[PDB]
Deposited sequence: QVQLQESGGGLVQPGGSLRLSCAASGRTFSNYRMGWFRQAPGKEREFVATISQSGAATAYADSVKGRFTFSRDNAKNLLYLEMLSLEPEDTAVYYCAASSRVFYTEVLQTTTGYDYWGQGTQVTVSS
């Protein structure tokens, strides 16, 4: 069962720290107005390996704490185009492949947290 939090409203250049409450790879996706749901980041079961969408790489950092059943997404240097509902997702796939950068790669989904970056 997945539930996102930490969303809110920031000005451009601001930051947010999202969270989502061990056998599953985990992912973040986002869905902006008038755009298909977009991959943001994925993380391995152990938490030691990540991959990021080009649109966020260099600004976002995805981590997990297995003991606490928690995920974190640090989002720096936010811009208006980062506005979206952000979703956490769980994948049972054992090995990493490019399918983990698609919605198809995942089994379970949270309902989302709204992130708004003002114009």
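Coordinate coverage of the deposited sequence is interrupted at 1-2, 24-29, where no C-alpha atom was modelled.
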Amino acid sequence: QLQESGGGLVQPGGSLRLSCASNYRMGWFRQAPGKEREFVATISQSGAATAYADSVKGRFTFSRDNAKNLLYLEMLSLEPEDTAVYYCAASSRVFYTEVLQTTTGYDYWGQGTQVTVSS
From here on, numbers count along this sequence of modelled residues.
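In this PDB entry, the Cα temperature factor of residue 65 sits in the middle third of its chain's modelled residues. For residue 80, the recorded CA temperature factor ranks within the middle third of the chain's modelled residues. Ranked by Cα temperature factor within the chain, residue 49 sits in the middle third according to the deposited record. Sort the chain's modelled residues by C-alpha temperature factor and residue 72 lands in the highest third, per the entry.
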